[PDB]
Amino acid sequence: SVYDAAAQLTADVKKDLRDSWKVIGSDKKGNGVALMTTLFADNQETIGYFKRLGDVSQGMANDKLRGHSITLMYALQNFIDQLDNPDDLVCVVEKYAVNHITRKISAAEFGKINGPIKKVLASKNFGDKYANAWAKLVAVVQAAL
């Protein structure tokens, strides 16, 4: 359940999420597009879902991809800001979950974002410990799909 998944965000996990977000959240445009391009590059089978964005290989030059990417980073900002209150975290998670359920995105496919997050964190010198923390947060969204 979403609530049990949310319960897994312990004190250390929340700390690791905040500390790493201070760095990756400071460049939403750059890191957001990096996240998306890495997803498309490593999981080419997911590109079909993003038909509305056009030629996603254009990266930063594609305005639709840039707009989508920046907005996605604000969803993460949203999650981080709700870590203090699990009932609020759950209602925003469920809101975004619906955006993906309507696009027929399963829990398994949503989980494909973990690879890209691990790589982006790694490029900023944040290792496995941080990648695992982020996987826990992603797991909360997965529980709602």
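Don't overthink the numbering: it's just position in the shown sequence, from 1.
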**Report entry** Stretch exceeding the other in mean C-alpha B-factor - 43-51, 74-82
**Finding:** 43-51
Requested in this report: Would you mind comparing 121-129 and 14-22 for me and telling me which has the higher average C-alpha temperature factor in the entry?
Outcome: 121-129
Report summary line: Listed options 92, 113, 33, 61: highest C-alpha B factor recorded at 61
Query raised in the report: Lowest, middle or highest third: where is residue 65 by Cα B-factor in its chain?
Result: lowest
